[PDB]
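A short worksheet on the structure shown next.
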Amino acid sequence: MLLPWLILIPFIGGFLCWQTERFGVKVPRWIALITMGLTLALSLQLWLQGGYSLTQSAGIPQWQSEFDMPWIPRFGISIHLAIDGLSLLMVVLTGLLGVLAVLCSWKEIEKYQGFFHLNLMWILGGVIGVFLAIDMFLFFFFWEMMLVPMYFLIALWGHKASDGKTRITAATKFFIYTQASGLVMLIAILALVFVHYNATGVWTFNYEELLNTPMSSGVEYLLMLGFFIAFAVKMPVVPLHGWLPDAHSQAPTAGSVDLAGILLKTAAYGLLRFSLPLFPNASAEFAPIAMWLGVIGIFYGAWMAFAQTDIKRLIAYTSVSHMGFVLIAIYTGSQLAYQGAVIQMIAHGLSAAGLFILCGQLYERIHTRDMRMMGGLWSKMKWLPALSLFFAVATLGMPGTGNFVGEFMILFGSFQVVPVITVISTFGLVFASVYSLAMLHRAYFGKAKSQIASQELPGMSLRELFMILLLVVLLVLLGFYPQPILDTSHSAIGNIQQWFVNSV
Amino acid sequence: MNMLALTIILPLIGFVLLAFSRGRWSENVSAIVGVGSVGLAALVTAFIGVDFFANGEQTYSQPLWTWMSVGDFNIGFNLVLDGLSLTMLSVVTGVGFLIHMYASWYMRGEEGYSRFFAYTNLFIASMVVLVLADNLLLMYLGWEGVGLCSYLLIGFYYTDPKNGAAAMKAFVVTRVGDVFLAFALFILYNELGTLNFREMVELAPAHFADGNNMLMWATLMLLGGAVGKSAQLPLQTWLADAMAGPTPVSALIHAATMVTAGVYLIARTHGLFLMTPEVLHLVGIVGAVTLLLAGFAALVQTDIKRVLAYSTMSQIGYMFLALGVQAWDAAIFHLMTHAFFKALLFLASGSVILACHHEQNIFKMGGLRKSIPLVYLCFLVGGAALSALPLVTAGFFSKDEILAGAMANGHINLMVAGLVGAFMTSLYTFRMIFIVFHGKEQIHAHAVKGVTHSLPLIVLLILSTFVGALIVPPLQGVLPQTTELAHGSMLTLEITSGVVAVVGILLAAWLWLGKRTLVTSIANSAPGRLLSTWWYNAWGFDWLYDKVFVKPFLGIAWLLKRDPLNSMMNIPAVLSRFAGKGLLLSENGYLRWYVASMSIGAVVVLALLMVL
């Protein structure tokens, strides 16, 4: 019921901001803040009003709210929006990140600003629609239309048409690397539906009847690779992640909040929801390749993070290290491991968003991007580097932050299922420390005479500090007290694991 | 009595105030609030200590809230206040109180003030969490909680980058130990299910009827965690570099706070180490080989702070032996004495290096008895206890008891190790004060007089002596494995240690009382410098631990300065663009070749149809 409205407010707000662009220029900032407030209101209403602590073994079909509507009846394509417990965590996270995106874009007036915000709400609404998606075509359409408006963001707002490096390399690799694999998973969807159409005799694009379709061995394996390729180019996996640092280092850091904190979520959401239950034996065969790619991703991202000299590419290469833990979590037979991935995933978004906001904040203070050029700014800034120290501290497994409990319950479940690949995996924490300290010492520890421009520094406004203070206190409560959201996700995680166990 | 969290909340909450009053407060109000947090901690500790005496040595547990709970994974914020944990709380909330009360006077006059009293409270709060935890998880929060605080205090002076760069080697090395520590944590949950210490104690023999081979992996890798955090051979790197910070943080790190986490883990899991005897004796094996390493490196270099540091390494491993010889209460008795002397010994040295005014040398000062005898009596009291002197010392009873226990274990190599350690402690006992305080004062050390540090000096003077040895720590509330006692040979071993201490003290005084030309000759002899260079490398261990992984790590980072796999999956675009350029060059514009294209399409279509 609430789901059609909850995916449509982003699109309605873009229309109204661009409508009132003719009326005024200070309107869309204040319009956008209220519209994202309504998005979190409906999302938090579903958290509180709904039975978040529901039955742990109520089957694979279980939803607090559900919407159905005929869209293309010839294939049974329907607007099958349906919200689960873990999907509701995803919706509340993106509503909060949308508030941060529209708050960081405050006091940013240009030649056109309504165009920026209709695009801003369009891309955030696309991610919400992926998170509420049970029909395969609706899932794919939303997956691919959140991908078009970021291209305009990197192009027309990466820099205003002055340098050609903001389109022809950064934005173009971002677009092609995702869309080729999106078309791969579309033909994977179609091969799965056609083998189901031979089995039963109905053209259906719905998840519940495609869940248990009879397929011979050696056939569903190729479709599982087809799903995983599109789910491995969106979250950074080892062979195909070259788009991520270019995308984050060129887009404005509000666009980078969208590009890191929430676009990385949807691929592991799809690995939990759409790839694991549909292909149980194929995923059981593919598991060790996934573990090898996971350990390679953690070690690889940390080394590339240590070796880099700038900051946006630095945090962009932390992200590929973080997601390796999540991939190994998903491809195991443990309930605790999956519940560790969820808390690690929410904390991943919350620990990347603050760093990107602050890195963009530091650049507009000093007008210099290279990290090794500055140094010793602690005597000049009064609140930026202290808050930045805790966010760099929250990146690695420091307890009292959500990242520690996240990565570390994965390791418990991972050692429960398989010893040797887990005992390799744990060493990324040592490597997490070295790139964390490298960031901290090269940027803030030292003498302010490392740069001439490090001798005249501005002040920090109240609202940026307010939205940084909220994230640090929110992230500490998730580290100390993670029970409420684990009780929320228990049943959804449990039935996925029980199906992955029982179907093999 | 429902006041355990006040030993954590009251410090920790004070940190938050000083983390946001970033220098905007004045000197006095900041000083009072920083000392009062730890002062309230000691008072609440004393109340529960005297109530623990009123409890009849009965443990008191308090669960605040469950941390995380999955249907087979139950972790809760459980705090256990038993005899072993009360003693380890007593050391921290007294020593941190005394060290931090000195810092109320030492820190003033320079910037970074509210910052330093912020991170000290966090440092103390993390150490209290480790020794009161009831679950191995919550205790893990303690381990890397205090590690991050050591990073924030070793690299406290961020201006010059030497001490600003020395902290991360400790940070890297302590997280290697924490990976080693968490490895055993995974194995214990896989094997025995529950991580509570007591439920683990009477669940371990029930689950272990059939298979035992994998428990040595759990316990050996658990041991690898304990050793690294404080000091030991396989990971002894950072304690020389930890001296680059200020004097009060060196006392907190090295004396009794952070280095007393690896002792608490072995002692708390003593029944768990009793489940396997060979992993228990292996602690003493590694302890016996580190007393041979950690001693004479105090003599080698001319840095006073490196002197006090190699002595701490020697003493911590001396404990590991004491725990390896199944003398548990005696080892904590050694800790109860050890905290008192080391903290004062470190602190007094700081007062005089304030008076030295940038000397940092042991060979260019002399005749300091006439400058101020207060620091003279401070080193003196510390030296006597360390050397195992029988004259009104505090720690000599602890050395006598553990060697009695060690010979009750019956390992002649361990008594040989104990005998050479007593001789080696007496060597570097008075050599430092004889080379520094005796001679001629060509650079005057301007002594500073003030009651603000004199009163804690008197308190530390009356506590570090044998008056403080009369305070028996609570050890009857845990009922550990009983430290065995020997009679008849107790007086024989007592006089043997006294003779060994006296011979070492007389040899140092004979080194002093000579011309020192032979000392200069052995400090100039080429085999002497070879051994000095060899133990500059400290058995090559820092040499080995740098050149085994560091430059390979820098080499692979230099090979990863440009990202390989992003480039090697760009070759589809490279091949497509170059092949597209070739196809564009294949077009001509001359219309004869267009018609030739039409004929050559007809030829291939007919050929392709005739092969079908």
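Following the order of the structure tokens, chains are lettered A, B, ..., residues in each are numbered from 1, and ligands are numbered from 1.
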Residues within 9 Å of residue 281 (chain B), please, as a ChimeraX atom specification. Count only C-alpha atoms; anything in the same chain fewer than 3 positions from it doesn't count.
/B:277-278,284-286,321,323-326
Include C-alpha atoms and write out the residues we just selected as a PDB file, in the first residue's frame.
ATOM      1  CA  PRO B 277      50.020 -28.821  30.074  1.00  0.00           C
ATOM      2  CA  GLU B 278      52.506 -28.400  27.223  1.00  0.00           C
ATOM      3  CA  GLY B 284      57.772 -20.471  30.483  1.00  0.00           C
ATOM      4  CA  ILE B 285      59.968 -21.650  27.627  1.00  0.00           C
ATOM      5  CA  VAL B 286      59.467 -18.400  25.741  1.00  0.00           C
ATOM      6  CA  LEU B 321      57.763 -17.764  33.525  1.00  0.00           C
ATOM      7  CA  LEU B 323      52.671 -18.210  35.135  1.00  0.00           C
ATOM      8  CA  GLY B 324      54.317 -21.070  33.270  1.00  0.00           C
ATOM      9  CA  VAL B 325      55.501 -22.587  36.551  1.00  0.00           C
ATOM     10  CA  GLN B 326      51.914 -22.873  37.836  1.00  0.00           C
TER      11      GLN B 326
END
Considering only helix (DSSP H, G or I) as DSSP defines it on the backbone, what residues of region 378-495 of chain B qualify? List them as number ranges by chain.
B: 378-387, 396-409, 412-436, 451-464, 468-470, 490-495
Excluding region 124-127 of chain A and residues on its chain fewer than 3 positions from it, collect all residues at most 10 Å away from it, counting only C-alpha atoms, and give them as a count of residues only.
36
Contacts of residue 425 (chain B) at 10 Å (only C-alpha atoms; same-chain gap of 4+ positions) as a list in words
residues 291, 295, 296, 311, 314, 315, 383, 384, 385, 386, 387, 388, 419, 420, 421, 429, 430, 500, 501, 504 and 505 of chain B
Could you please take those selected residues and save N, CA, C and O atoms as a PDB file, in the first residue's frame?
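The result, written out as again10.pdb:
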ATOM      1  N   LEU B 291      64.182 -13.376  29.057  1.00  0.00           N
ATOM      2  CA  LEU B 291      65.025 -12.757  30.076  1.00  0.00           C
ATOM      3  C   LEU B 291      66.475 -12.697  29.633  1.00  0.00           C
ATOM      4  O   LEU B 291      67.212 -11.792  30.040  1.00  0.00           O
ATOM      5  N   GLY B 295      67.701  -7.865  28.969  1.00  0.00           N
ATOM      6  CA  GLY B 295      68.373  -7.228  30.082  1.00  0.00           C
ATOM      7  C   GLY B 295      69.445  -6.228  29.713  1.00  0.00           C
ATOM      8  O   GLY B 295      69.345  -5.047  30.049  1.00  0.00           O
ATOM      9  N   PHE B 296      70.467  -6.689  29.002  1.00  0.00           N
ATOM     10  CA  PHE B 296      71.676  -5.903  28.802  1.00  0.00           C
ATOM     11  C   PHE B 296      71.510  -4.808  27.762  1.00  0.00           C
ATOM     12  O   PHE B 296      72.309  -3.867  27.742  1.00  0.00           O
ATOM     13  N   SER B 311      64.176  -2.969  30.781  1.00  0.00           N
ATOM     14  CA  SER B 311      63.869  -3.551  32.085  1.00  0.00           C
ATOM     15  C   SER B 311      62.417  -4.023  32.183  1.00  0.00           C
ATOM     16  O   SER B 311      62.150  -5.093  32.740  1.00  0.00           O
ATOM     17  N   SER B 314      62.061  -7.243  30.333  1.00  0.00           N
ATOM     18  CA  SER B 314      62.598  -8.342  31.115  1.00  0.00           C
ATOM     19  C   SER B 314      61.621  -8.755  32.207  1.00  0.00           C
ATOM     20  O   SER B 314      61.455  -9.949  32.476  1.00  0.00           O
ATOM     21  N   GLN B 315      60.967  -7.787  32.853  1.00  0.00           N
ATOM     22  CA  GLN B 315      60.129  -8.134  33.995  1.00  0.00           C
ATOM     23  C   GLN B 315      58.828  -8.790  33.560  1.00  0.00           C
ATOM     24  O   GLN B 315      58.346  -9.703  34.232  1.00  0.00           O
ATOM     25  N   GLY B 383      65.603   0.802  42.522  1.00  0.00           N
ATOM     26  CA  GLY B 383      66.672  -0.119  42.186  1.00  0.00           C
ATOM     27  C   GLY B 383      66.748  -1.286  43.149  1.00  0.00           C
ATOM     28  O   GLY B 383      66.941  -2.431  42.735  1.00  0.00           O
ATOM     29  N   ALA B 384      66.584  -1.013  44.446  1.00  0.00           N
ATOM     30  CA  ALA B 384      66.749  -2.070  45.438  1.00  0.00           C
ATOM     31  C   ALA B 384      65.730  -3.176  45.220  1.00  0.00           C
ATOM     32  O   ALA B 384      66.070  -4.364  45.263  1.00  0.00           O
ATOM     33  N   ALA B 385      64.471  -2.807  44.981  1.00  0.00           N
ATOM     34  CA  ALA B 385      63.434  -3.816  44.805  1.00  0.00           C
ATOM     35  C   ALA B 385      63.704  -4.639  43.555  1.00  0.00           C
ATOM     36  O   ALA B 385      63.541  -5.865  43.557  1.00  0.00           O
ATOM     37  N   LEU B 386      64.123  -3.975  42.478  1.00  0.00           N
ATOM     38  CA  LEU B 386      64.356  -4.664  41.215  1.00  0.00           C
ATOM     39  C   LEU B 386      65.487  -5.678  41.342  1.00  0.00           C
ATOM     40  O   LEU B 386      65.399  -6.789  40.808  1.00  0.00           O
ATOM     41  N   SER B 387      66.554  -5.314  42.053  1.00  0.00           N
ATOM     42  CA  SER B 387      67.740  -6.158  42.152  1.00  0.00           C
ATOM     43  C   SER B 387      67.516  -7.382  43.031  1.00  0.00           C
ATOM     44  O   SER B 387      68.409  -8.233  43.096  1.00  0.00           O
ATOM     45  N   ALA B 388      66.379  -7.467  43.730  1.00  0.00           N
ATOM     46  CA  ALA B 388      66.076  -8.551  44.667  1.00  0.00           C
ATOM     47  C   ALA B 388      66.951  -8.445  45.916  1.00  0.00           C
ATOM     48  O   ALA B 388      67.448  -9.445  46.438  1.00  0.00           O
ATOM     49  N   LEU B 419      68.438 -17.451  38.212  1.00  0.00           N
ATOM     50  CA  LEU B 419      69.688 -16.967  38.789  1.00  0.00           C
ATOM     51  C   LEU B 419      70.359 -15.927  37.900  1.00  0.00           C
ATOM     52  O   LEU B 419      70.836 -14.899  38.396  1.00  0.00           O
ATOM     53  N   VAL B 420      70.393 -16.157  36.588  1.00  0.00           N
ATOM     54  CA  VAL B 420      71.050 -15.194  35.713  1.00  0.00           C
ATOM     55  C   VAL B 420      70.216 -13.929  35.600  1.00  0.00           C
ATOM     56  O   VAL B 420      70.761 -12.834  35.433  1.00  0.00           O
ATOM     57  N   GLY B 421      68.896 -14.046  35.725  1.00  0.00           N
ATOM     58  CA  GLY B 421      68.064 -12.857  35.742  1.00  0.00           C
ATOM     59  C   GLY B 421      68.285 -12.009  36.979  1.00  0.00           C
ATOM     60  O   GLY B 421      68.334 -10.779  36.895  1.00  0.00           O
ATOM     61  N   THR B 429      70.861  -2.354  37.723  1.00  0.00           N
ATOM     62  CA  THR B 429      70.229  -1.619  38.809  1.00  0.00           C
ATOM     63  C   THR B 429      70.924  -0.281  39.035  1.00  0.00           C
ATOM     64  O   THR B 429      70.325   0.782  38.833  1.00  0.00           O
ATOM     65  N   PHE B 430      72.195  -0.310  39.428  1.00  0.00           N
ATOM     66  CA  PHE B 430      72.883   0.888  39.893  1.00  0.00           C
ATOM     67  C   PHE B 430      73.884   1.435  38.888  1.00  0.00           C
ATOM     68  O   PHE B 430      74.433   2.519  39.117  1.00  0.00           O
ATOM     69  N   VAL B 500      73.484 -13.122  45.153  1.00  0.00           N
ATOM     70  CA  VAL B 500      73.537 -12.792  43.733  1.00  0.00           C
ATOM     71  C   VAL B 500      73.298 -11.304  43.519  1.00  0.00           C
ATOM     72  O   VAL B 500      73.995 -10.654  42.729  1.00  0.00           O
ATOM     73  N   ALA B 501      72.319 -10.735  44.224  1.00  0.00           N
ATOM     74  CA  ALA B 501      72.067  -9.303  44.112  1.00  0.00           C
ATOM     75  C   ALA B 501      73.250  -8.481  44.607  1.00  0.00           C
ATOM     76  O   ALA B 501      73.659  -7.514  43.956  1.00  0.00           O
ATOM     77  N   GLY B 504      76.123  -8.547  42.092  1.00  0.00           N
ATOM     78  CA  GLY B 504      75.846  -7.669  40.969  1.00  0.00           C
ATOM     79  C   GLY B 504      75.947  -6.201  41.333  1.00  0.00           C
ATOM     80  O   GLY B 504      76.482  -5.396  40.565  1.00  0.00           O
ATOM     81  N   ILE B 505      75.443  -5.831  42.510  1.00  0.00           N
ATOM     82  CA  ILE B 505      75.526  -4.443  42.950  1.00  0.00           C
ATOM     83  C   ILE B 505      76.976  -4.046  43.189  1.00  0.00           C
ATOM     84  O   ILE B 505      77.397  -2.937  42.838  1.00  0.00           O
TER      85      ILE B 505
END
Quick one: residues within 10 Å of residue 215 (chain B), only C-alpha atoms, excluding same-chain residues fewer than 2 positions away - as a ChimeraX atom specification?
/B:184,187-188,191,208,211-213,217-221,272,275-276,279
Have a look at B:69, B:290, B:232, B:520 and name the one nearest to chain A; count only C-alpha atoms.
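Between B:69, B:290, B:232, B:520, the residue approaching chain A most closely is B:69.
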Kindly indicate which residue among A:476, A:462, A:238, A:186 lies nearest to residue 223 (chain A), using only C-alpha atoms for the distances.
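Smallest distance to residue 223 (chain A) is found for A:186.
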Tell me which of A:332, A:105, A:497, A:379 sits closest to chain B, counting only C-alpha atoms.
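Of A:332, A:105, A:497, A:379, the one nearest chain B is A:379, counting only C-alpha atoms.
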Under the rule of at most 8 Å, produce a per-residue listing of chain B near chain A: chain, number, name, the closest pair of atoms, and the distance in Å, as a Markdown table, using only C-alpha atoms.
| residue | atom | partner | partner_atom | distance |
| --- | --- | --- | --- | --- |
| B:22 | CA | A:382 | CA | 7.7 |
| B:67 | CA | A:481 | CA | 6.0 |
| B:68 | CA | A:483 | CA | 5.2 |
| B:69 | CA | A:483 | CA | 6.8 |
| B:70 | CA | A:336 | CA | 6.8 |
| B:73 | CA | A:336 | CA | 7.7 |
| B:141 | CA | A:399 | CA | 5.6 |
| B:144 | CA | A:398 | CA | 7.0 |
| B:145 | CA | A:399 | CA | 7.1 |
| B:158 | CA | A:445 | CA | 5.4 |
| B:159 | CA | A:446 | CA | 5.2 |
| B:160 | CA | A:446 | CA | 6.5 |
| B:161 | CA | A:446 | CA | 6.2 |
| B:164 | CA | A:445 | CA | 7.2 |
| B:168 | CA | A:437 | CA | 7.2 |
| B:171 | CA | A:433 | CA | 7.8 |
| B:172 | CA | A:430 | CA | 6.4 |
| B:175 | CA | A:430 | CA | 5.9 |
| B:176 | CA | A:430 | CA | 6.3 |
| B:179 | CA | A:426 | CA | 6.8 |
| B:183 | CA | A:423 | CA | 7.6 |
| B:186 | CA | A:412 | CA | 5.7 |
| B:187 | CA | A:415 | CA | 7.9 |
| B:189 | CA | A:412 | CA | 7.9 |
| B:190 | CA | A:416 | CA | 6.1 |
| B:556 | CA | A:303 | CA | 7.7 |
| B:557 | CA | A:307 | CA | 5.1 |
| B:558 | CA | A:307 | CA | 6.9 |
| B:560 | CA | A:304 | CA | 5.9 |
| B:561 | CA | A:307 | CA | 5.6 |
| B:563 | CA | A:304 | CA | 7.3 |
| B:565 | CA | A:239 | CA | 6.6 |
| B:566 | CA | A:242 | CA | 4.6 |
| B:567 | CA | A:242 | CA | 8.0 |
| B:569 | CA | A:240 | CA | 7.4 |
If we count only C-alpha atoms, what is near residue 319 (chain A) at a cut-off of 12 Å, once residues fewer than 6 positions away on the same chain are taken out, given as a PyMOL selection string?
chain A and resi 234-238+241+244-245+248+259-265+297-302+304-305+312-313+325-326+344-345+347-353+355-356+395-396+432
Mind checking which residues fall within 10 Å of residue 408 (chain B), counting only C-alpha atoms, ignoring those fewer than 3 positions away in the same chain, and posting them as number ranges by chain?
B: 325-327, 402-405, 411, 483-486
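Nearest residue to residue 180 (chain B) among B:549, B:143, B:157, B:423 is B:143, counting only C-alpha atoms.
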